[PDB]
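S.K.: To start, I am sharing the structure in question, which I have written as structure tokens.
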């Protein structure tokens, strides 16, 4: 439900084929927040419970609203935490296909982390979904150093954070349908395009 630590808790000897690392939005609970559980149950239906490990970004990522105003749209301590989980995934399960996602501050966190990631690990992230991406206009709908065909951004009309502002208006809170259908669909297509482990 809102906390999932399958990568940290998982046994190396029985690695999942797919590892999903997700960063929640500002002020959200657990380490998956409001959208992460919906994506997670749909990934589990497609790959089975032992086939996918879902891991939220917890630890130093406190999802403090004010950190949206920092240069990268989140704190450097939170980037170091997500970078460390991609590194843990690469070490603990070298043949697993990775997928990532984030909402709001967590989408800026996922973008910042993937930009700084070692190229050999970044290249294992088969697909990344970003909802209410706060750096959407500044980065022109892309994650730096990561291919457009592997990226899907969900930015609602009237969601002001997609258009260069940090005001939270009602469309920013309306990604529930996307997390239940097209965002898991995109992630499953991108994993099946390359395959699993």
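We count from 1, first residue shown onward.
Method on record in the header is X-ray crystallography, 1.8 Å.
Placed from the backbone N, Cα and C atoms, the Cβ positions cover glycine too.
In case it's useful when we look at the structure, here is the feature table from Swiss-Prot:
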ACT_SITE  104  active site, nucleophile
ACT_SITE  159  active site
ACT_SITE  172  active site, proton donor/acceptor
DISULFID  15-93  disulfide bond
DISULFID  155-162  disulfide bond
SITE      26  site 'Transition state stabilizer'
SITE      105  site 'Transition state stabilizer'
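Burial and contacts for the listed features, if you can.
M.R.: According to DSSP, residue 104 (active site, nucleophile) is assigned to coil rather than to any helix or strand. Non-local contacts of residue 104 (active site, nucleophile) by the CB criterion (under 8 A, 6+ apart in sequence, same chain) comprise 25, 26, 68, 131, 132, 134, 161, 172.
Summarising the environment of residue 159 (active site), the number of other Cβ atoms within 10 Å of its Cβ, over all protein chains shown, is 25.
Look at residue 172 (active site, proton donor/acceptor): DSSP puts it in a helix.
According to its DSSP assignment, residue 15 (disulfide bond) is coil.
Residue 155 (disulfide bond) carries neither a helix nor a strand DSSP state and counts as coil. In sequence order, 131, 132, 133, 136, 141, 162 make up the list of same-chain residues 6 or more apart from residue 155 (disulfide bond) whose Cβ falls under 8 Å from its Cβ.
Every protein chain shown contributes to the tally, and the Cβ of residue 26 (site 'Transition state stabilizer') ends up with 20 other Cβ atoms within 10 Å.
Neighbours of residue 105 (site 'Transition state stabilizer'), defined as other CB atoms within 10 A of its CB across all chains, total 30.
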S.K.: Rounded to a whole number, how many Å is the Cα of residue 159 (active site) away from the Cα of residue 15 (disulfide bond)?
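M.R.: About 38 Å separate the Cα atoms of these two residues.
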S.K.: 15, 93, 162: which of these disulfide-bonded residues has the sparsest Cβ neighbourhood within 10 Å?
M.R.: 15
